[PDB]
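Text of the file work34.pdb, holding PDB, C-alpha atoms and all ligand atoms:
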ATOM      1  CA  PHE A  28     152.645 -56.201 163.470
ATOM      2  CA  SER A  29     151.805 -58.304 160.387
ATOM      3  CA  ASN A  30     149.599 -56.975 157.546
ATOM      4  CA  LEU A  31     146.154 -57.809 156.153
ATOM      5  CA  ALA A  32     145.732 -57.524 152.351
ATOM      6  CA  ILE A  33     142.517 -57.996 150.356
ATOM      7  CA  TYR A  34     141.460 -57.761 146.708
ATOM      8  CA  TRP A  35     138.562 -55.554 145.615
ATOM      9  CA  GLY A  36     137.079 -54.762 142.209
ATOM     10  CA  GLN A  37     135.598 -58.135 141.133
ATOM     11  CA  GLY A  38     132.952 -58.692 143.814
ATOM     12  CA  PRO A  39     129.436 -59.216 142.403
ATOM     13  CA  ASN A  40     127.370 -56.183 143.549
ATOM     14  CA  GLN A  41     130.447 -54.947 145.490
ATOM     15  CA  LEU A  42     130.140 -51.787 147.541
ATOM     16  CA  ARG A  43     132.346 -48.914 146.360
ATOM     17  CA  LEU A  44     135.998 -48.808 147.356
ATOM     18  CA  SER A  45     135.521 -46.175 150.103
ATOM     19  CA  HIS A  46     133.571 -48.616 152.212
ATOM     20  CA  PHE A  47     136.682 -50.748 152.550
ATOM     21  CA  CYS A  48     138.867 -47.652 152.876
ATOM     22  CA  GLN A  49     136.793 -47.189 156.046
ATOM     23  CA  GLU A  50     137.608 -50.668 157.382
ATOM     24  CA  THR A  51     140.266 -50.275 160.050
ATOM     25  CA  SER A  52     141.636 -53.823 159.757
ATOM     26  CA  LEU A  53     142.765 -53.564 156.066
ATOM     27  CA  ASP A  54     146.398 -52.551 155.462
ATOM     28  CA  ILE A  55     146.691 -53.274 151.719
ATOM     29  CA  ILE A  56     143.977 -53.248 149.053
ATOM     30  CA  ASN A  57     144.707 -54.749 145.642
ATOM     31  CA  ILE A  58     142.417 -53.311 142.990
ATOM     32  CA  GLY A  59     141.720 -55.868 140.206
ATOM     33  CA  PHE A  60     142.316 -55.763 137.313
ATOM     34  CA  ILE A  61     144.377 -54.464 134.532
ATOM     35  CA  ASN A  62     143.067 -57.568 132.657
ATOM     36  CA  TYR A  63     143.978 -56.800 129.023
ATOM     37  CA  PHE A  64     147.615 -56.816 127.974
ATOM     38  CA  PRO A  65     149.119 -54.610 125.168
ATOM     39  CA  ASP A  66     150.334 -57.424 122.862
ATOM     40  CA  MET A  67     146.790 -58.727 122.189
ATOM     41  CA  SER A  68     144.343 -56.091 123.399
ATOM     42  CA  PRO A  69     142.313 -53.628 121.258
ATOM     43  CA  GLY A  70     144.583 -50.704 120.308
ATOM     44  CA  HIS A  71     147.524 -52.344 122.074
ATOM     45  CA  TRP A  72     146.771 -50.370 125.185
ATOM     46  CA  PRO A  73     146.366 -52.144 128.521
ATOM     47  CA  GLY A  74     142.666 -52.678 129.355
ATOM     48  CA  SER A  75     140.858 -52.603 132.664
ATOM     49  CA  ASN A  76     137.851 -54.078 134.408
ATOM     50  CA  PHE A  77     136.526 -53.308 137.868
ATOM     51  CA  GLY A  78     133.283 -55.288 137.900
ATOM     52  CA  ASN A  79     130.307 -53.033 138.640
ATOM     53  CA  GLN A  80     132.577 -49.952 138.869
ATOM     54  CA  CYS A  81     133.063 -47.101 136.362
ATOM     55  CA  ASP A  82     130.633 -45.827 133.741
ATOM     56  CA  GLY A  83     131.658 -48.066 130.838
ATOM     57  CA  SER A  84     133.426 -45.356 128.746
ATOM     58  CA  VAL A  85     136.824 -46.366 127.340
ATOM     59  CA  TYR A  86     139.825 -44.443 125.995
ATOM     60  CA  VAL A  87     140.695 -44.462 122.291
ATOM     61  CA  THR A  88     144.213 -44.337 120.897
ATOM     62  CA  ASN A  89     145.545 -41.223 119.044
ATOM     63  CA  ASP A  90     144.431 -42.903 115.790
ATOM     64  CA  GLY A  91     140.824 -43.438 116.925
ATOM     65  CA  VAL A  92     141.079 -47.124 117.910
ATOM     66  CA  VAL A  93     138.654 -48.159 120.701
ATOM     67  CA  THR A  94     140.557 -49.573 123.752
ATOM     68  CA  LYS A  95     139.481 -51.641 126.721
ATOM     69  CA  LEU A  96     140.970 -49.130 129.200
ATOM     70  CA  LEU A  97     138.156 -47.574 131.261
ATOM     71  CA  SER A  98     138.157 -43.799 131.387
ATOM     72  CA  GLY A  99     135.189 -43.074 133.671
ATOM     73  CA  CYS A 100     136.137 -44.701 137.022
ATOM     74  CA  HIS A 101     134.916 -41.692 139.015
ATOM     75  CA  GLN A 102     134.231 -43.480 142.243
ATOM     76  CA  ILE A 103     137.550 -45.290 142.322
ATOM     77  CA  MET A 104     139.342 -42.036 141.564
ATOM     78  CA  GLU A 105     137.551 -40.394 144.490
ATOM     79  CA  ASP A 106     138.006 -43.306 146.882
ATOM     80  CA  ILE A 107     141.681 -44.223 146.611
ATOM     81  CA  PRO A 108     142.778 -41.009 148.408
ATOM     82  CA  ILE A 109     140.480 -41.973 151.315
ATOM     83  CA  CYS A 110     142.267 -45.301 151.620
ATOM     84  CA  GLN A 111     145.657 -43.603 151.566
ATOM     85  CA  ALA A 112     144.514 -40.960 154.055
ATOM     86  CA  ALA A 113     143.672 -43.863 156.388
ATOM     87  CA  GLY A 114     147.235 -45.238 156.028
ATOM     88  CA  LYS A 115     146.419 -48.062 153.560
ATOM     89  CA  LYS A 116     148.450 -49.096 150.558
ATOM     90  CA  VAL A 117     146.457 -49.350 147.293
ATOM     91  CA  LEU A 118     148.121 -51.616 144.702
ATOM     92  CA  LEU A 119     146.843 -51.870 141.143
ATOM     93  CA  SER A 120     146.596 -55.548 140.211
ATOM     94  CA  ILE A 121     147.534 -56.908 136.790
ATOM     95  CA  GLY A 122     145.871 -60.114 135.380
ATOM     96  CA  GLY A 123     143.058 -61.798 137.305
ATOM     97  CA  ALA A 124     140.844 -64.681 136.164
ATOM     98  CA  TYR A 125     139.130 -63.224 133.103
ATOM     99  CA  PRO A 126     139.931 -63.342 130.169
ATOM    100  CA  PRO A 127     142.172 -66.398 129.948
ATOM    101  CA  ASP A 128     144.126 -65.470 126.763
ATOM    102  CA  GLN A 129     146.404 -62.578 127.912
ATOM    103  CA  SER A 130     150.193 -62.822 128.033
ATOM    104  CA  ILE A 131     153.389 -60.873 127.305
ATOM    105  CA  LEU A 132     155.196 -61.735 124.097
ATOM    106  CA  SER A 133     158.623 -59.983 124.322
ATOM    107  CA  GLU A 134     160.952 -58.214 126.770
ATOM    108  CA  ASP A 135     160.246 -55.048 124.753
ATOM    109  CA  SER A 136     156.459 -55.249 125.259
ATOM    110  CA  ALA A 137     157.127 -56.109 128.946
ATOM    111  CA  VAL A 138     159.169 -52.875 129.384
ATOM    112  CA  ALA A 139     156.583 -50.874 127.408
ATOM    113  CA  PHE A 140     153.699 -52.405 129.432
ATOM    114  CA  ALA A 141     155.268 -51.277 132.761
ATOM    115  CA  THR A 142     156.207 -47.877 131.271
ATOM    116  CA  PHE A 143     152.598 -47.367 130.237
ATOM    117  CA  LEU A 144     151.191 -48.320 133.656
ATOM    118  CA  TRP A 145     153.740 -46.109 135.447
ATOM    119  CA  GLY A 146     152.729 -43.106 133.331
ATOM    120  CA  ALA A 147     148.984 -43.766 133.583
ATOM    121  CA  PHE A 148     148.826 -44.673 137.261
ATOM    122  CA  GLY A 149     152.078 -43.622 138.944
ATOM    123  CA  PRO A 150     153.284 -40.047 139.550
ATOM    124  CA  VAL A 151     151.866 -37.335 137.314
ATOM    125  CA  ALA A 152     154.658 -36.152 135.008
ATOM    126  CA  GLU A 153     154.530 -33.062 132.730
ATOM    127  CA  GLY A 154     156.098 -35.178 129.925
ATOM    128  CA  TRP A 155     153.103 -37.595 129.986
ATOM    129  CA  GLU A 156     150.455 -36.999 127.340
ATOM    130  CA  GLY A 157     148.623 -40.292 127.892
ATOM    131  CA  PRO A 158     145.516 -41.440 129.816
ATOM    132  CA  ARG A 159     145.144 -40.758 133.536
ATOM    133  CA  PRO A 160     142.413 -43.255 134.459
ATOM    134  CA  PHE A 161     142.333 -42.263 138.131
ATOM    135  CA  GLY A 162     143.286 -38.654 137.368
ATOM    136  CA  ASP A 163     145.841 -37.128 139.784
ATOM    137  CA  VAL A 164     145.703 -40.209 142.068
ATOM    138  CA  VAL A 165     149.045 -42.041 142.420
ATOM    139  CA  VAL A 166     148.816 -45.705 143.356
ATOM    140  CA  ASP A 167     151.222 -47.231 145.854
ATOM    141  CA  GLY A 168     152.405 -49.990 143.524
ATOM    142  CA  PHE A 169     151.532 -52.959 141.348
ATOM    143  CA  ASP A 170     150.313 -56.493 142.034
ATOM    144  CA  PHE A 171     150.968 -59.395 139.638
ATOM    145  CA  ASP A 172     147.928 -61.701 139.843
ATOM    146  CA  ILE A 173     148.976 -63.707 136.793
ATOM    147  CA  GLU A 174     146.566 -66.654 136.577
ATOM    148  CA  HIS A 175     147.164 -68.023 133.032
ATOM    149  CA  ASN A 176     149.543 -68.561 130.223
ATOM    150  CA  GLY A 177     152.989 -68.976 131.843
ATOM    151  CA  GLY A 178     155.646 -66.699 133.243
ATOM    152  CA  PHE A 179     157.231 -64.732 130.385
ATOM    153  CA  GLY A 180     158.054 -61.041 130.836
ATOM    154  CA  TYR A 181     156.802 -60.480 134.409
ATOM    155  CA  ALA A 182     160.386 -60.351 135.754
ATOM    156  CA  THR A 183     161.241 -57.666 133.159
ATOM    157  CA  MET A 184     158.092 -55.723 134.220
ATOM    158  CA  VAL A 185     159.019 -55.826 137.912
ATOM    159  CA  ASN A 186     162.616 -54.842 137.123
ATOM    160  CA  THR A 187     161.322 -51.922 134.995
ATOM    161  CA  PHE A 188     158.943 -50.810 137.773
ATOM    162  CA  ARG A 189     161.822 -50.854 140.317
ATOM    163  CA  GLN A 190     164.007 -48.649 138.136
ATOM    164  CA  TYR A 191     161.115 -46.181 137.880
ATOM    165  CA  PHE A 192     160.582 -46.404 141.671
ATOM    166  CA  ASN A 193     164.248 -45.525 142.311
ATOM    167  CA  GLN A 194     163.959 -42.263 140.422
ATOM    168  CA  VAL A 195     161.448 -41.109 143.115
ATOM    169  CA  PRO A 196     163.378 -41.779 146.321
ATOM    170  CA  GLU A 197     161.153 -39.479 148.455
ATOM    171  CA  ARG A 198     158.217 -41.969 148.216
ATOM    172  CA  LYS A 199     157.979 -45.727 148.730
ATOM    173  CA  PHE A 200     156.244 -47.939 146.114
ATOM    174  CA  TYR A 201     155.484 -51.687 146.365
ATOM    175  CA  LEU A 202     155.524 -54.762 144.132
ATOM    176  CA  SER A 203     153.579 -57.951 144.914
ATOM    177  CA  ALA A 204     152.721 -61.392 143.398
ATOM    178  CA  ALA A 205     149.910 -63.933 143.907
ATOM    179  CA  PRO A 206     151.256 -67.362 142.915
ATOM    180  CA  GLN A 207     149.373 -70.567 143.697
ATOM    181  CA  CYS A 208     150.786 -73.000 146.287
ATOM    182  CA  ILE A 209     152.533 -75.588 143.999
ATOM    183  CA  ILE A 210     156.249 -74.917 143.369
ATOM    184  CA  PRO A 211     157.244 -74.126 140.731
ATOM    185  CA  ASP A 212     154.267 -71.876 140.030
ATOM    186  CA  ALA A 213     153.762 -71.819 136.228
ATOM    187  CA  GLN A 214     152.899 -68.091 136.117
ATOM    188  CA  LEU A 215     155.100 -66.473 138.783
ATOM    189  CA  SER A 216     158.038 -68.660 139.881
ATOM    190  CA  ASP A 217     160.137 -67.099 137.103
ATOM    191  CA  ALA A 218     159.365 -63.510 138.162
ATOM    192  CA  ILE A 219     159.936 -64.444 141.840
ATOM    193  CA  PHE A 220     163.344 -65.998 141.120
ATOM    194  CA  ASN A 221     164.525 -63.248 138.753
ATOM    195  CA  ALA A 222     162.992 -60.101 140.269
ATOM    196  CA  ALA A 223     162.334 -58.632 143.713
ATOM    197  CA  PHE A 224     158.782 -58.434 145.141
ATOM    198  CA  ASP A 225     158.021 -56.762 148.424
ATOM    199  CA  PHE A 226     155.046 -58.965 149.158
ATOM    200  CA  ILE A 227     154.114 -62.415 147.972
ATOM    201  CA  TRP A 228     150.664 -63.740 148.716
ATOM    202  CA  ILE A 229     150.361 -67.481 148.120
ATOM    203  CA  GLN A 230     146.847 -68.439 147.141
ATOM    204  CA  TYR A 231     146.260 -71.257 149.595
ATOM    205  CA  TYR A 232     142.994 -72.381 147.971
ATOM    206  CA  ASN A 233     141.868 -74.275 144.835
ATOM    207  CA  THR A 234     144.915 -76.627 144.836
ATOM    208  CA  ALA A 235     144.488 -79.797 146.888
ATOM    209  CA  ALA A 236     148.212 -80.680 147.118
ATOM    210  CA  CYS A 237     149.237 -77.792 149.370
ATOM    211  CA  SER A 238     146.152 -75.810 150.453
ATOM    212  CA  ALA A 239     145.538 -74.075 153.797
ATOM    213  CA  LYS A 240     142.817 -76.743 154.358
ATOM    214  CA  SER A 241     145.460 -79.483 154.297
ATOM    215  CA  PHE A 242     146.933 -77.883 157.413
ATOM    216  CA  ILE A 243     143.614 -78.540 159.122
ATOM    217  CA  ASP A 244     143.013 -81.910 157.470
ATOM    218  CA  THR A 245     146.426 -83.427 156.662
ATOM    219  CA  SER A 246     144.934 -86.293 154.658
ATOM    220  CA  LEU A 247     144.125 -83.754 151.832
ATOM    221  CA  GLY A 248     147.727 -82.795 150.983
ATOM    222  CA  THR A 249     150.627 -80.968 152.667
ATOM    223  CA  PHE A 250     150.587 -77.255 153.495
ATOM    224  CA  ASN A 251     153.892 -76.031 152.105
ATOM    225  CA  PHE A 252     154.598 -72.585 153.608
ATOM    226  CA  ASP A 253     157.971 -74.019 154.757
ATOM    227  CA  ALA A 254     158.784 -74.811 151.128
ATOM    228  CA  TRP A 255     157.834 -71.265 150.054
ATOM    229  CA  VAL A 256     160.215 -69.947 152.770
ATOM    230  CA  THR A 257     162.977 -72.164 151.411
ATOM    231  CA  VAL A 258     162.354 -71.257 147.723
ATOM    232  CA  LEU A 259     162.829 -67.488 148.384
ATOM    233  CA  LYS A 260     166.417 -68.092 149.534
ATOM    234  CA  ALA A 261     167.998 -68.370 146.044
ATOM    235  CA  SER A 262     165.555 -65.879 144.538
ATOM    236  CA  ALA A 263     165.937 -62.165 143.841
ATOM    237  CA  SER A 264     162.799 -61.975 146.086
ATOM    238  CA  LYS A 265     164.810 -63.370 149.034
ATOM    239  CA  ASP A 266     163.690 -60.397 151.189
ATOM    240  CA  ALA A 267     160.007 -60.768 150.235
ATOM    241  CA  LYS A 268     157.488 -61.167 153.058
ATOM    242  CA  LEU A 269     155.209 -64.217 152.559
ATOM    243  CA  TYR A 270     151.454 -63.965 153.183
ATOM    244  CA  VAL A 271     148.856 -66.705 153.567
ATOM    245  CA  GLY A 272     146.174 -66.230 150.927
ATOM    246  CA  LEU A 273     142.730 -67.433 151.906
ATOM    247  CA  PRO A 274     139.141 -67.297 150.661
ATOM    248  CA  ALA A 275     137.020 -64.855 152.664
ATOM    249  CA  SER A 276     133.893 -66.986 152.553
ATOM    250  CA  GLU A 277     132.555 -70.459 151.626
ATOM    251  CA  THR A 278     131.740 -69.429 148.064
ATOM    252  CA  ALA A 279     134.686 -67.111 147.226
ATOM    253  CA  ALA A 280     136.811 -70.043 145.937
ATOM    254  CA  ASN A 281     136.340 -73.730 145.061
ATOM    255  CA  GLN A 282     134.441 -75.848 147.561
ATOM    256  CA  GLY A 283     136.403 -76.983 150.586
ATOM    257  CA  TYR A 284     139.112 -74.323 150.905
ATOM    258  CA  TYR A 285     137.497 -71.914 153.332
ATOM    259  CA  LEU A 286     138.832 -71.985 156.928
ATOM    260  CA  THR A 287     136.841 -70.800 159.983
ATOM    261  CA  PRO A 288     138.556 -68.083 162.087
ATOM    262  CA  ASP A 289     139.530 -70.775 164.698
ATOM    263  CA  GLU A 290     141.141 -72.904 161.963
ATOM    264  CA  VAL A 291     142.975 -69.835 160.667
ATOM    265  CA  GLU A 292     144.304 -69.009 164.124
ATOM    266  CA  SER A 293     145.774 -72.496 164.591
ATOM    267  CA  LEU A 294     147.575 -72.159 161.187
ATOM    268  CA  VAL A 295     148.688 -68.546 161.657
ATOM    269  CA  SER A 296     149.951 -68.810 165.258
ATOM    270  CA  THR A 297     152.069 -71.862 164.256
ATOM    271  CA  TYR A 298     153.533 -70.101 161.207
ATOM    272  CA  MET A 299     153.813 -66.619 162.654
ATOM    273  CA  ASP A 300     155.819 -68.195 165.486
ATOM    274  CA  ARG A 301     157.972 -70.294 163.161
ATOM    275  CA  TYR A 302     158.916 -67.469 160.763
ATOM    276  CA  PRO A 303     158.686 -64.145 162.613
ATOM    277  CA  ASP A 304     160.732 -62.194 160.023
ATOM    278  CA  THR A 305     159.337 -63.772 156.810
ATOM    279  CA  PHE A 306     155.625 -64.281 157.625
ATOM    280  CA  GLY A 307     153.936 -61.069 156.374
ATOM    281  CA  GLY A 308     150.322 -61.841 157.302
ATOM    282  CA  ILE A 309     147.069 -62.785 155.539
ATOM    283  CA  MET A 310     145.724 -62.011 152.030
ATOM    284  CA  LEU A 311     141.977 -62.318 151.380
ATOM    285  CA  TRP A 312     140.073 -63.177 148.190
ATOM    286  CA  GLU A 313     138.116 -60.959 148.407
ATOM    287  CA  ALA A 314     136.447 -57.809 149.824
ATOM    288  CA  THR A 315     132.800 -58.558 149.008
ATOM    289  CA  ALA A 316     133.010 -62.187 150.180
ATOM    290  CA  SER A 317     134.558 -60.855 153.397
ATOM    291  CA  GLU A 318     131.815 -58.164 153.861
ATOM    292  CA  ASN A 319     128.977 -60.616 153.214
ATOM    293  CA  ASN A 320     130.516 -63.193 155.641
ATOM    294  CA  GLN A 321     129.547 -61.559 158.957
ATOM    295  CA  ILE A 322     130.605 -63.580 162.001
ATOM    296  CA  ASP A 323     129.556 -62.174 165.409
ATOM    297  CA  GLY A 324     128.554 -58.963 163.631
ATOM    298  CA  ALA A 325     131.895 -58.327 162.006
ATOM    299  CA  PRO A 326     133.115 -59.217 158.469
ATOM    300  CA  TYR A 327     135.642 -61.996 157.923
ATOM    301  CA  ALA A 328     138.594 -59.576 157.390
ATOM    302  CA  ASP A 329     138.199 -58.094 160.869
ATOM    303  CA  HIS A 330     138.515 -61.574 162.493
ATOM    304  CA  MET A 331     141.642 -62.108 160.368
ATOM    305  CA  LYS A 332     143.199 -58.912 161.804
ATOM    306  CA  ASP A 333     142.255 -60.085 165.334
ATOM    307  CA  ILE A 334     144.210 -63.295 164.782
ATOM    308  CA  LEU A 335     147.231 -61.410 163.444
ATOM    309  CA  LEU A 336     147.272 -58.961 166.369
ATOM    310  CA  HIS A 337     146.381 -61.432 169.130
TER
HETATM  311  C1  LIG B   1     144.402 -63.319 143.964
HETATM  312  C2  LIG B   1     143.325 -64.322 143.567
HETATM  313  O1  LIG B   1     142.912 -65.186 144.331
HETATM  314  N1  LIG B   1     142.874 -64.197 142.315
HETATM  315  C3  LIG B   1     141.900 -65.052 141.928
HETATM  316  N2  LIG B   1     141.404 -65.156 140.688
HETATM  317  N3  LIG B   1     140.509 -66.019 140.561
HETATM  318  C4  LIG B   1     140.191 -66.677 141.691
HETATM  319  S1  LIG B   1     138.983 -67.934 141.803
HETATM  320  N4  LIG B   1     137.672 -67.412 141.306
HETATM  321  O2  LIG B   1     139.417 -69.128 140.940
HETATM  322  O3  LIG B   1     138.837 -68.380 143.261
HETATM  323  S2  LIG B   1     141.115 -66.136 142.883
END

Kindly transcribe the structure held in the file into structure tokens.
Amino acid sequence: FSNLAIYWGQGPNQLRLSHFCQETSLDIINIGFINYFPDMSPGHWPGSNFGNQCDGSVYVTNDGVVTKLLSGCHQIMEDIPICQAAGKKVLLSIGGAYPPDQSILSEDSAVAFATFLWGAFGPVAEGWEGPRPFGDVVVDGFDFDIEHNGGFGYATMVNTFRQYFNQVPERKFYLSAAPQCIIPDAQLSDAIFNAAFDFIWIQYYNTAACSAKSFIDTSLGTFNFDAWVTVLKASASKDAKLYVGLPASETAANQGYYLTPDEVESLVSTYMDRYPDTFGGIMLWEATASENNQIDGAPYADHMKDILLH
């Protein structure tokens, strides 16, 4: 079967992560966001935000400098294991919408960024004397939701993560990317060409030229999933599965990009049929919008899984 991914962490008044860990239909949950990068953040540690989650406390560096990395995410720490017990993959997402001034400035800081995240969030290692924001929890991988400021250093980060993954062959870890629909994508086409992602979720909303809506109304633009299949072929991500990223309600993205379940089926059955090896499934922005959009007594994400399984 194909997979259903969804982001969580940035939903206004979102329910805690375990609620979605309890939702059968979800296969992958991207937790957003590591939103502050080491080159420009306080203390030069990565920083995090998970909306209404965590108690507000932050770590400080060895020299007393206040960071933006949250240290009291009790609920998330408790909930991730529930997701993984139910068979789900939990990916920690890097970037997100806010703030808009974060980037990577050198290959060195790229390596060091991924090293830091691997130590903080990957396997517990005796040689690590740094922060463990989710304690003994080990995430299943990293998602690159780079929304601003170009594509420097993300390839190096992915390559560094892979190297670290390969030193733990008894466990599988995953790398993913969320480019927008226009090729080249200013943030992620470089990483996609130069480094290997397992999953790539194209955000099929907010860009008129190629949106999922233009599949339904072809006067709007041209849905370009075919082009994304072609562009993988020269890339180091040539074996990536491609997912159709969609808004989970009317108000989750810009006006006019939401599709009804029936509209999604028409798109998905066409493309699932056309690319049975490359089509990975659906990505949803995002969990709260899905949960609040109840259709026939079930949230949007459940109807998305129906379409993928039917
Ligand atoms: C993966 C993903 O979609 N990330 C997003 N970040 N901001 C979005 S928004 N508010 O412009 O619709 S979507």

Contacts of chain A with ligand LIG 1 (chain B) up to 7 Å, shortest pair per row, all atoms listed in the file, as JSON lines:
{"residue": "A:34", "atom": "CA", "partner": "B:LIG1", "partner_atom": "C1", "distance": 6.9}
{"residue": "A:123", "atom": "CA", "partner": "B:LIG1", "partner_atom": "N2", "distance": 5.0}
{"residue": "A:124", "atom": "CA", "partner": "B:LIG1", "partner_atom": "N2", "distance": 4.6}
{"residue": "A:172", "atom": "CA", "partner": "B:LIG1", "partner_atom": "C1", "distance": 5.7}
{"residue": "A:174", "atom": "CA", "partner": "B:LIG1", "partner_atom": "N2", "distance": 6.8}
{"residue": "A:205", "atom": "CA", "partner": "B:LIG1", "partner_atom": "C1", "distance": 5.5}
{"residue": "A:230", "atom": "CA", "partner": "B:LIG1", "partner_atom": "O1", "distance": 5.8}
{"residue": "A:233", "atom": "CA", "partner": "B:LIG1", "partner_atom": "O3", "distance": 6.8}
{"residue": "A:279", "atom": "CA", "partner": "B:LIG1", "partner_atom": "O3", "distance": 5.9}
{"residue": "A:280", "atom": "CA", "partner": "B:LIG1", "partner_atom": "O3", "distance": 3.7}
{"residue": "A:281", "atom": "CA", "partner": "B:LIG1", "partner_atom": "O3", "distance": 6.2}
{"residue": "A:312", "atom": "CA", "partner": "B:LIG1", "partner_atom": "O1", "distance": 5.2}

Return as JSON the box centre and box size in Å, one decimal, for an axis-aligned box around all listed atoms of region 240-257 of chain A padded by 5 Å per side.
{"center_x": 152.9, "center_y": -78.1, "center_z": 154.6, "size_x": 30.2, "size_y": 26.3, "size_z": 19.1}

All residues 8 Å or closer to region 114-118 of chain A, all atoms listed in the file, same chain fewer than 5 positions away omitted, as a VMD selection string
chain A and resid 48 53 to 58 107 166 to 170 201

Point-to-point distance in Å for CA of residue 288 (chain A) and CA of residue 49 (chain A)
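One can read the CA of residue 49 (chain A) to CA of residue 288 (chain A) distance as 21.8 Å.
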
Surrounding residues of residue 327 (chain A) excluding itself and chain neighbours under 6 positions, 12 Å, all atoms listed in the file, as a ChimeraX atom specification:
/A:31,33,50,52-53,273-277,279,285-289,291,309-321,333-334

Point-to-point distance from CA of residue 74 (chain A) to CA of residue 171 (chain A), Å rounded to tenths:
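Rounded to one decimal, the two atoms are 14.8 Å apart.
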
Mind checking which residues fall within 8 Å of residue 177 (chain A), counting only C-alpha atoms, ignoring those fewer than 2 positions away in the same chain, and posting them as number ranges by chain?
A: 130, 175, 179, 213-215

Radius query 10 Å about (146.5, -37.6, 148.9), atoms used: all atoms listed in the file, as a PyMOL selection string
chain A and resi 107-112+163-165

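Omitting residue 98 (chain A) and its sequence neighbours fewer than 6 positions away, and counting all atoms listed in the file, the residues within 7 Å are residues 84, 85, 86 and 160 of chain A.
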
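Distance-wise, CA of residue 147 (chain A) and CA of residue 113 (chain A) end up 23.4 Å apart.
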
Starting from the displayed file, determine the output of the PyMOL selection byres (((chain A and resi 295) around 9) and not hetatm) and express the residue list as a list in words.
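Applied to this file, the PyMOL selection byres (((chain A and resi 295) around 9) and not hetatm) selects residues 271, 290, 291, 292, 293, 294, 296, 297, 298, 299, 300, 308, 309, 334 and 335 of chain A.
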
Counting only C-alpha atoms, which residue out of A:100, A:184, A:131, A:173 sits closest to residue 159 (chain A)?
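Ranked by minimum distance to residue 159 (chain A), first place goes to A:100.
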
Output of the PyMOL selection byres (((chain A and resi 266) around 8) and not hetatm), listed as number ranges by chain:
A: 223, 225, 259, 263-265, 267-268, 305

Tell me which of A:67, A:103, A:139, A:81 sits closest to residue 44 (chain A), counting only C-alpha atoms.
A:103
